Amino acid sequence: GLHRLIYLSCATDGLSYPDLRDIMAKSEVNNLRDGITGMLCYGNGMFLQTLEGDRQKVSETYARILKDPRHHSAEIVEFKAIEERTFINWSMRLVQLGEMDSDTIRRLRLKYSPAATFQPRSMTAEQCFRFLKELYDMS
Amino acid sequence: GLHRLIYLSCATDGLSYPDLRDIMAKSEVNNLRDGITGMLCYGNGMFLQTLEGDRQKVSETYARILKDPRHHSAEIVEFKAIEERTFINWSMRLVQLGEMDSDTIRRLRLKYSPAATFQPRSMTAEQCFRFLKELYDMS
Amino acid sequence: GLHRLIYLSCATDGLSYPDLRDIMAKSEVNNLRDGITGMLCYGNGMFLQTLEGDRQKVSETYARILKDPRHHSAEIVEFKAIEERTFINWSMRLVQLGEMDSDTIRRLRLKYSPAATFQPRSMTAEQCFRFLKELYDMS
Amino acid sequence: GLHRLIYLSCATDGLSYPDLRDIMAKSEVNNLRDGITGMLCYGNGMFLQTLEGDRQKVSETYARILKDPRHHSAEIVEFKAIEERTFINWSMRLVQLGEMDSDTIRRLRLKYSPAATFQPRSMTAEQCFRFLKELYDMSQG
Amino acid sequence: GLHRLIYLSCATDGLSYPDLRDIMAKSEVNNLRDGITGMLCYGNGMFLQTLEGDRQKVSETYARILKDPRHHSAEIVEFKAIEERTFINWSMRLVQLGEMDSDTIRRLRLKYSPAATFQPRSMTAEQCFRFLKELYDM
Amino acid sequence: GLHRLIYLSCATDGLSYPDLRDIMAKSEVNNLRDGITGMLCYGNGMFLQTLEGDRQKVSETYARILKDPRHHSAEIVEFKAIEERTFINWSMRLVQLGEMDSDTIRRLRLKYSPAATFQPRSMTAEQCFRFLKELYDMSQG
Amino acid sequence: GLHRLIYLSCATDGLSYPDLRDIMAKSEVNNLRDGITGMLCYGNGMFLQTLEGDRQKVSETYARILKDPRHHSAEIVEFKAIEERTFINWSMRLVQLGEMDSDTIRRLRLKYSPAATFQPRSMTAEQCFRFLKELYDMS
Amino acid sequence: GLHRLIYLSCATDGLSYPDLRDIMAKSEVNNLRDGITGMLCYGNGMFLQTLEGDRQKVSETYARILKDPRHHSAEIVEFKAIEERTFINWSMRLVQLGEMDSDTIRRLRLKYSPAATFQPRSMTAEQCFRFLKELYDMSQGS
Amino acid sequence: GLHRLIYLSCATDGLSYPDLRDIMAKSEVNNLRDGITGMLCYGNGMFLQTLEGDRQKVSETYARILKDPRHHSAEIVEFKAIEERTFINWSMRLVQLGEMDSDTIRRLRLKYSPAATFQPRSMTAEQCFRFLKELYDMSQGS
Amino acid sequence: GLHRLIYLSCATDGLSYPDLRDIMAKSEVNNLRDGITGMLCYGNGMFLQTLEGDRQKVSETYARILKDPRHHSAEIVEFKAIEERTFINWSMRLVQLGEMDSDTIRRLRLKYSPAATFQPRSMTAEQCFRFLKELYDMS
């Protein structure tokens, strides 16, 4: 069945631009292959990602993701069955908050969180979903 | 009363347009006679069809379809009473995914399924329904 | 309070144009007097009528209609309380399906029934209501 | 398919018990033939009956009832499709408010009605149904 | 996923008791093998059956059933996904309305149908389900 | 808290324009003072008014109204707490059906009632509300 | 149709016991005649009553009550249509909170109000309803 | 998690313009620091404020607010969790009813209250929220 | 109208039994006076309390509680209107988790929170309510 | 906040009784420490486990479980917030379907799955939850 996974993690000190590109390059390729789609949000040293696809494939990808030393302290936010995909457009799209309009992002971060900075650990499943959805719609 | 049937099947190897034309020519005659309407979706060697009409007639048409050597491994996706028809316009309309806007089809496939290719067996009733309805609206 | 009655009947062989005219003449006058409004659908030798108004008045009108030899085999489709009327503009409007554009009536009839021709007996209460409502809104 | 009808009417002045006994007699026979069930409530000179069964059959039975001179001023209370019957065990049981506890029926009446006496005309469809159902369940043995 | 199929059919004229037994013998075996359960109702010359199991398996079983000459004029009542099974206890159980308390089935049949006799064609999907469920509970 | 009252009454025979002016004159002043807003419908010799505001204030205003000999046979339609007001614009506005589009009112009256003429007594609370709201939305000038 | 009125009022200073007996005497007779039932609560110099019955009847009885100099500052708590009555047993029953068990009423009072003493003006419609219903049930 | 607090209070007699400005300036600073947003409505000698943010932070802010002698007779109107904020744009902006279009305020005040003047104590939590939201929506300028 | 408040706080280091008795003594008197009822829970150095009553009275009681030096770091859990009271029986009642049957409290604390020990800050408003509810429904003397 | 994770996996070939004991020993100690509770079901060579607790702790425990060589092919079934725990009684309880009453498990396995044997991969989140709860209530 079709499912959506949402999880967050902490970028590991030393995360470089080529690291991000490498991650995206591999993600796009593997997801296209596995029928997975989604978005990756990176800001304030934090990662927030959502993956949509088959139950077995999405789980396998997450298990693989947990092995990447480029981040740590991963936390599952949500995993449930869905009737339709929300994040259809990309196999995997990387959105860097630091490159967005300061006002637009601070307002979005406030809208769906109680934090003074991007802190996904302070956000519920629904707030992460709606947060990513707005970023997706902007892309 | 008024019912809707949805089922999927695998096209028998060697299938060509003549077969589809024949299927369509007879479907239109029989369906118009039996008060049946619907749409037939063909793509990636798979069949996804829906019929609306009388409980008895729709069931009879299905039994006749199961005897057709042009496809096999049929699977019922759904059968239930409905308040009104969605596939009203045609006694039977053929839609070939390979001949529709490929960009539109790819997004549609991802939207209602977890597969990398058109695979109705990985889709739920509602998914097949919404998928077919969008195709219907495109015609 | 306010109620809506829906019933169907079989026109008696030999039903002429002037008979309908006489039925309509009496209907408009009587319903206006009783505060009743509605629509009379005639097609395929079948009658499908809806009456809105007082519980007592609508009941008395139906009883009176049952005495009319111009039709027979009357069948009640539904009778229930309603918050507001739908068929407001006419004390009684006559709608002959043969006076409508073929394809338009074809689609509408298929949309709310599994029949290949107008057959109210094969329609549910809601189907008859929605059918009559579209005919009403069309004008 | 399966539908339920509820209507009310005024009993003709002079209506006696035997005339009511003849009704129930002819009703039980026909309702058994047409696959119709339900019950008839009589009180304060008013009739409140519910019939369950086929759409056409229930409709035809009602058209036949309208010709009966034993009552008049009939009013349909409701007609709708039902998933299952409520008055199953009864083809056509009779119930006279002027029978059981004049205190029980009194409470039941008030519960589903604003009238000081039995007056189905002042009752809604749901009130009529609930009223009849409670009676049904009451007289079961 | 888990699904439930309900269909009705007309028993072929001349249906014998040994035919019923052959039907049940085959059902039990194949249904156990395919993880399918359900109940077969036979009365007034009509058949009313429900099958629960996988979408593919139940589908194939129906296709097979359609080829059986012991009945005809098959009509699908419903096919939908379900969260849990209702007819568990039997890979396939047969219930003959004729061998039941004439008064019991009389009230059951009336409860979920407008007909004066067992007529599944005049019953809705929900009515067939409830009918079968109560039958299942006896 | 905030509540809405809806009631109906029969205008006294011989209701003149001065009587109407006086009623509206006093209504506007008092309602303004009490923080009450609403609309008064007059047609077919009947009154259908709605008052929104404080529970005690609306209640007292109704009590005074019942003392006005310029109408009678008053009947309460509804009284309940509301989250927000609908009839906000006027402390009290008079809407005379006979001064509006004859066909427009006929259809509006039919839309929310089973009567052949304006008869609020045959209408439910929901019907009276929507009827008034539609009149309110039209009489916005 | 069937409706329910709930209102509160201030007993006029000087309210004697014979007044209550007289109020009840007339109430029992009139309500029985008008098909009205309900409960009358008196306490802390305040009245709280509910009347169920016809819309016209209940409205007229309230109008009469408003002319009774034995009380004043009447406030309507609610007036709505109901499918069935709650206070069926009595055409009118009087309950004097001052003659009930201390703790018993203390709890009831607190349960449906923020007041330490009986004050219906501080209670919502639902609160007055449930409060009156429990008194009804205890009797 | 994310929460919203709404409370009302009476301005202390003698409060002046500079007093109000001092409240807003200090509030914006602290709220910005604590991830809190909201609006302060002032009218008819009454205060109606909403704060959105963290459960701990908003609570502590309210504690501090209670110590401010510039107002008194404070009453909590509501405190609950929320899926998303409504008052996103301002750390804490002051909105004076007396500065807005009299006719606009009057209709807004009547819409969500039974009072003839601005009286937050006569309003429910839902009315206060909707009142503040509309005020906020019509104060986004151009 | 009738409302319910729920808040948590940290007991000040050194909190003694006499202090709890004093807190309870005054609470009972004041609450009885103010028409307030409620429950007080104390465990693992934390307080979880709920108060039901008038919007104004409950708010003032909370403001008073905030000035109490015997606890600190208060956090409001919820404040909303209610149709009827749940904690009706006592002007105030104290339940000490440290004195309850081990298995009983362990199970209750797990049931409404993700913590291995009592920690109201990790609990939602609903969780706090149901938790207090069960303590309230628990017969005195268990 | 309080969350519940449900996941399934395949027991590595050779998994025996002693393996399960060691798993339980460590699970009870670690879960008690992390405030985690739940239940582990083992049957037909498959694992079905649910964990309730903190978002972060539950997530970290799952990451550790994924590194255990005693199983493989892990698939997440569900991860969502919950108002209250269902599997309260144990830090971790093991249930071996093989030691259960053959007919008790057959009935339960059929009730929540379309499989002829225990196959969690063919079950939904609701089915897995209800299946686990019924086992929990009879532990």
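For every chain, the first residue of the written sequence is numbered 1 and the count continues from 1 onward along that sequence, whatever numbering the entry uses; residues with no coordinates are hidden. Written order determines the labels here, with chains lettered from A and ligands numbered from 1. In computing side-chain properties, one takes all heavy atoms of the structure into account and sets aside hydrogens as well as water. Residues with missing side-chain atoms are left out of burial classes, side-chain pairs and their counts.

Its PDB header attributes the entry to X-ray crystallography and lists the resolution as 2.0 Å.

A.B. asks: What should I look at first to understand the overall build of chain E in this one?
C.D. replies: Helix and strand counts for chain E come out as four helices and five strands. Here a helix means four or more residues in a row that DSSP labels H or I, a strand means two or more in a row labelled E, and each is numbered from the N terminus. Counted from the first residue to the last, chain E has its helices and strands arranged as β-α-β-β-α-β-β-α-α. Here the radius of gyration uses the C-alpha set of atoms, whereas the globule reference equals 2.2 Å times the residue count to the power 0.38. Its C-alpha radius of gyration of 14 Å places chain E within 12% of the 14 Å reference for a compact globule of 138 residues. Contacts in chain E between residues at least 24 apart in sequence constitute 78% of all its contacts with a sequence separation of at least 6. Should any heavy atoms of two residues lie within 4.5 Å, those residues are counted as being in contact.

A.B. asks: How should the relation of the copies chain A and chain J be read in this particular structure?
C.D. replies: One copy of the chain maps onto the other through a rotation about an axis plus a displacement along that axis. Copy-to-copy alignment rests on a least-squares fit of C-alpha positions. Least-squares fitting of chain A to chain J yields an RMSD of 0.3 Å, with the superposition described by an axial translation of 0.0 Å and a rotation of 180°. Between the two chains, the operation in question is that of a two-fold axis. In terms of proximity to the rotation axis, the leading residue of chain A is A:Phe79, whose C-alpha is 2.4 Å off the axis. Comparing interface residues between copies, 90% of those in chain A also lie at the interface in chain J; the contact surface is shared.

A.B. asks: What's the story with the relation of the copies chain B and chain C in this structure? I'm lost.
C.D. replies: For these two chains of identical sequence, chain B goes onto chain C by a turn of 73° and a shift of 0.3 Å along the axis, with RMSD 0.4 Å. Between the two chains, the operation in question is that of a five-fold axis. No C-alpha of chain B lies nearer the rotation axis than that of B:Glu83, which sits 18 Å from it.

A.B. asks: I tried to follow the environment of A:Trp90 on my own but got confused; where do I start?
C.D. replies: Residue and element names in this part refer to chain A. The topology assignment puts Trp90 in the loop between β4 (71-81) and β5 (93-96). C-alpha of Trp90 to C-alpha of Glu28: the two residues are 62 residues apart in sequence and 8.0 Å apart in space. Those residues within four positions of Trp90 in sequence are excluded, and the remaining contacts are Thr37, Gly38, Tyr136 and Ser139.

A.B. asks: Could you clarify how one ought to interpret the pairing of strand β2 (residues 37-43) of chain H in this entry?
C.D. replies: Here is the key point about a regular strand: its side chains alternate between the two faces of the sheet. Residues and elements named next belong to chain H. Counting buried positions along β2 gives seven out of seven residues, so the element sits mostly inside the fold. Judged by which residues are buried, β2 turns out to be covered on both faces: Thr37, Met39, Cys41 and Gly43 on one side and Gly38, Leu40 and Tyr42 on the other are all buried. By the bridge criterion, seven bridges tie β2 to strand β3 (residues 46-54) in an arrangement that is antiparallel. What sits directly across from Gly38, in β3, is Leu51. DSSP calls a pair of strands paired once it identifies at least 2 bridges connecting them. Taking the residues between adjacent antiparallel strands as the criterion, β2 and β3 are bridged by two residues, where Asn44 takes a positive phi near 50°. Bridging between β2 and strand β5 (residues 93-96) involves four bridges; their strand directions are parallel. Note on β5: the bridge partner recorded for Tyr42 is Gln96. Only protein chains enter the accessibility calculation, which uses a 1.4 Å probe; a residue is then buried when its area is under 20% of its type maximum, exposed when over 50%, and partly exposed in between.

A.B. asks: Would you take a moment to explain the packing of aromatic side chains for this structure?
C.D. replies: Any two aromatic rings considered together are summarised by their centre-to-centre distance and by the angle between their planes. In this analysis, rings of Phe, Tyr and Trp, with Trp reduced to its six-membered ring, are considered paired at centre separations within 6.5 Å, and the interplanar angle assigns stacked below 30 degrees, edge-to-face beyond 60, and tilted for intermediate values. In total, this model carries 59 aromatic pairs over all chains according to the counting rule given. Where A:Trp90 meets A:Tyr136, the ring centres are 5.5 Å apart and the plane angle is 75°; that geometry is what we call edge-to-face. Of this pair, A:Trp90 sits in the loop between β4 and β5 while A:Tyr136 sits in helix α4 (residues 125-138), and the two are 46 residues apart along the sequence. Judged by its relative accessible area of 8%, A:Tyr136 falls in the buried class. With a centroid separation of 5.2 Å and 55° between ring planes, the pair formed by H:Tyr7 and H:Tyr62 is classed as tilted. In this pair, H:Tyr7 is assigned in strand β1 (residues 2-11) and H:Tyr62 in helix α2 (residues 55-67), connecting sequence segments 55 residues apart. You'll find H:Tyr7 and H:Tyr62 in the same group, each marked buried.

A.B. asks: Looking at this structure, I do not really get the domain arrangement of chain A. What am I missing?
C.D. replies: How large an interface is tends to be reported as the accessible area lost when its parts come together. Residues and elements named next belong to chain A. An automatic or database domain assignment supplies the start and end points of every domain. Looking at the assigned domains, one finds that chain A contains domain 1 (1-96) and domain 2 (97-139). Counting residues at the interface gives 23 residues for domain 1 and 18 residues for domain 2. Of the roughly 1900 Å² buried at the junction of domain 1 and domain 2 (both faces included), carbon and sulfur atoms supply 73%. Whenever a carboxyl oxygen of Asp or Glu lies within 4 Å of a side-chain nitrogen of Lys or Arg, that contact is scored as a salt bridge. Scanning the region where domain 1 abuts domain 2 turns up one salt bridge. Here's the idea: put two parts together, see how much 1.4 Å probe accessible area each one loses, and the total over both is what we call buried area.

A.B. asks: Before we go on, may I ask you to explain the pattern of salt bridges in this structure?
C.D. replies: A side chain of one charge can pair with a side chain of the opposite charge if their charged atoms are brought near each other. Residues and elements named next belong to chain F. Applying the stated criterion across every chain, the model contains 138 salt bridges over all chains. Between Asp34 and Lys57 there is a salt bridge whose closest N-O contact spans 3.9 Å. Here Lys57 lies in helix α2 (residues 55-65) and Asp34 lies in helix α1 (residues 17-34), a separation of 23 residues in the sequence. Look at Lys57 and you get partly exposed, because its relative accessible area is 33%.

A.B. asks: Would you take a moment to explain the pairing of strand β3 (residues 46-54) of chain J for this structure?
C.D. replies: Residue and element names in this part refer to chain J. In terms of burial, β3 is a largely internal element, eight of the nine residues being buried. With nine bridges joining them, strand β1 (residues 2-11) and β3 adopt antiparallel strand pairing. Residue pairing in the sheet places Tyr7 in a bridge with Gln49 of β3. As paired strands, strand β2 (residues 37-43) and β3 are joined by seven bridges and run antiparallel to one another. Note that in β3 the partner of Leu40 across the bridge is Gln49. Taking the residues that link successive antiparallel strands as the turn, the β2-β3 hairpin has two residues, and the phi of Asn44 there is positive, at about 45°.

A.B. asks: Can you walk me through the interface of chain B and chain C in this structure?
C.D. replies: Contact with chain B, which involves 15 residues of that partner, is made by 12 residues of chain C. Secondary structure elements with two or more residues in the side of chain B that touches chain C: α1 (17-34) and β3 (46-54) of chain B. With three residues, the top contributor of residues to the side of chain B that touches chain C is α1(B). Taken together, the residues that form the side of chain B that touches chain C break down as four nonpolar, five polar and six charged. Residues are grouped as follows: nonpolar covers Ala, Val, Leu, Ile, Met, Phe, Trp, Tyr, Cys and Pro; charged covers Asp, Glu, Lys and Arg; every other residue, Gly included, is treated as polar.

A.B. asks: Would you mind going over the packing of helix α1 (residues 17-34) of chain C against helix α2 (residues 55-65) of chain C with me for this structure?
C.D. replies: Axis angle and axis distance: for two packed helices, these are the angle between their axes and the distance between the axes, and together they describe the pair. Residue and element names in this part refer to chain C. Inter-axis angles, ranging from 0 to 180 degrees, are taken between N-to-C directions of lines fitted to C-alpha atoms, where helices are fitted over the stretch in contact. One way to put it is that α1 packs onto α2 with a least axis distance of 10 Å and a crossing angle of 155°. Considering the angle they form, α1 stands roughly antiparallel to α2. Crossing angle aside, the handedness with which α1 passes α2 is right-handed. Listed contacts from α2 to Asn30, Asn31, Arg33 and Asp34 of α1 are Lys57, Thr61 and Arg64. Counted by class, the contact of α1 with α2 contains no nonpolar, three polar and four charged residues. For this classification, under 35 degrees means roughly parallel, over 145 means roughly antiparallel, 65 to 115 means roughly perpendicular, and everything else is oblique. A crossing counts as left-handed when the near helix is turned anticlockwise from the far one by less than a right angle, and as right-handed when that turn is clockwise.

A.B. asks: Honestly, the interface of chain A and chain J in this entry has me stumped. Any pointers?
C.D. replies: Taken together, the contact between chain A and chain J spans 20 residues of the former and 18 residues of the latter. When the two sides are added together, the surface that chain A and chain J hide from each other amounts to roughly 1500 Å², 50% of it contributed by carbon and sulfur. Of all residues in chain A, the largest losses of buried area upon contact with chain J belong to A:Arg55, A:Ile76 and A:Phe79, amounting jointly to 43% of the total for that side. As a salt-bridge pair, A:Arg55 and J:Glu75 come within 3.8 Å of each other at their nearest N and O atoms. The definition of a polar contact used here is a pair of N or O atoms within 3.5 Å, where within protein one atom must be able to donate a hydrogen and the other to accept one, and adjacent residues in sequence count solely through side-chain atom pairs. Here chain A is connected to chain J by nine residue pairs in polar contact. The set of elements that each furnish at least two residues to the side of chain A that touches chain J consists of β1 (2-11), α2 (55-65) and β4 of chain A. With six residues, the top contributor of residues to the side of chain A that touches chain J is β4(A). Looking at side-chain class alone, the side of chain A that touches chain J contains 12 nonpolar, four polar and four charged residues.

A.B. asks: Please clarify how the domain arrangement of chain E should be interpreted in this entry.
C.D. replies: Residues and elements named next belong to chain E. You can read the domains of chain E as domain 1 (1-96) and domain 2 (97-138). Here the C-alpha centre of domain 2 lies 17 Å away from the C-alpha centre of domain 1. Across the contact, 26 residues belong to domain 1 and 19 residues belong to domain 2. Counting each side, the surface lost to burial between domain 1 and domain 2 is near 1900 Å², with a carbon and sulfur contribution of 67%. Put simply, domain 1 and domain 2 have one salt bridge between them. Residues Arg121 and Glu75 are paired through a salt bridge, measuring 2.7 Å at the closest nitrogen-oxygen approach. The interface formed by domain 1 and domain 2 contains 11 residue pairs in polar contact. Considering every element that reaches the side of domain 1 that touches domain 2, the biggest residue donor is strand β3 (residues 46-54), with five residues.

A.B. asks: Looking at this model, I keep getting lost on the UniProt feature "binding site: FAD" (unreviewed entry) in chain A. Mind explaining?
C.D. replies: All names here are of chain A. In this numbering, the UniProt entry assigns the feature "binding site: FAD" (unreviewed entry) to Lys26, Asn30, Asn31, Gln49, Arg64 and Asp68. Within the element layout of this structure, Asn31 appears in helix α1 (residues 17-34). Other than its neighbours up to four places away in sequence, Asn31 contacts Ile36, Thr61, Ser91 and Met92. The topology assignment puts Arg64 in helix α2. For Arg64, a relative accessible area of 36% translates into the label partly exposed. Filtering out sequence-adjacent residues up to four positions away, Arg64 remains in contact with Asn30, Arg33 and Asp34. UniProt positions are given in the numbering used here, feature names are shortened, and annotations may be inferred rather than shown by experiment.

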